[PDB]
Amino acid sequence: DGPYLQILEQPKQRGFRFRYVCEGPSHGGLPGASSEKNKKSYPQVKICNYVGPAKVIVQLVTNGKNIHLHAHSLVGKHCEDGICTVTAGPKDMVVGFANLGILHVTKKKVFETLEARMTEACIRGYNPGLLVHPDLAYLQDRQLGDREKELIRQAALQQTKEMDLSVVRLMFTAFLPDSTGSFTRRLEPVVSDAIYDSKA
């Protein structure tokens, strides 16, 4: 059986509030579903049917029937431009995320963000067929043609109206190395349970 990503512990659905810019940095983390005062635990995945070096990304996605990129940003260690990028392996294939925050996007900046996020996803091959638009399906970086840009602007416009800023999901995607060592072999992604803003 082929290599696949496994969720071992989900994020907890309720009880963690989305943070604002003004709270600054944080050493704390979105809790795992099984977390307790006395034994804190965190979202945790495992790469399976493969041992060796790997890349794991976390993206923030929506809780709609057609799952898309969310406008909020993952922040914390190993977070850039709303994506958390870590390594796995070469022996231990289990990866945890103990420093995840979900940063409120500026409403008014939802569109600009999405467009900003959709582009990067398409450039990097981070699930654009699935998460941006069906016809952007040519995943895998990438120099953007004019027709790609227009689907993106159109998608972003459309999906900005749809955006629910009170709920997100994590999407985990693992990458294995090609012959050159570049992490190119993308395994099918896995979506987490919904996370709802506490607002407290």
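A residue's number is simply how far along the shown sequence it sits, counting from 1.
Asks: I'd like to know the size of any gap between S166 and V167, counted in deposited residues with no coordinates: none, 1 to 3, 4 to 9, or 10 or more.
Replies: Unresolved stretch here: none.
Asks: Output the stretch having the higher mean C-alpha B factor in the entry; the candidates are 1 to 9 and 190 to 198.
Replies: In the deposited entry, the stretch with the higher C-alpha B-factor mean is 1 to 9.
Asks: If you average the CA temperature factors over each stretch, which comes out higher, 116 to 124 or 95 to 103?
Replies: Of 95 to 103 and 116 to 124, the stretch with the higher C-alpha B-factor average is 116 to 124.
Asks: For the listed residues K46, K39, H70, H27, which one has the largest C-alpha B-factor as given in the deposited model?
Replies: Of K46, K39, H70, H27, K39 has the highest C-alpha B-factor.
Asks: Relative to the other modelled residues in the chain, which third contains the C-alpha temperature factor of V110: lowest, middle or highest?
Replies: For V110, whose C-alpha B-factor we compare with every modelled residue in the chain, the answer is the highest third.
Asks: If you rank the chain by CA B-factor, which third does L130 end up in: lowest, middle or highest?
Replies: As the PDB entry reports it, the C-alpha B-factor of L130 lands in the highest third of its chain.
Asks: What third of its chain, lowest, middle or highest, does the C-alpha temperature factor of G32 fall into?
Replies: Ranked within chain, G32 CA B lands in the lowest tercile.
Asks: Comparing against every modelled residue in the chain, figure out the third that the C-alpha B-factor of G82 lands in (lowest, middle or highest).
Replies: Middle third - that is where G82 ends up once the chain's C-alpha B-factors are sorted.
Asks: Just say lowest, middle or highest third for the CA B-factor of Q143 relative to the other modelled residues in its chain.
Replies: According to the entry, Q143 has a C-alpha B-factor in the chain's highest third.
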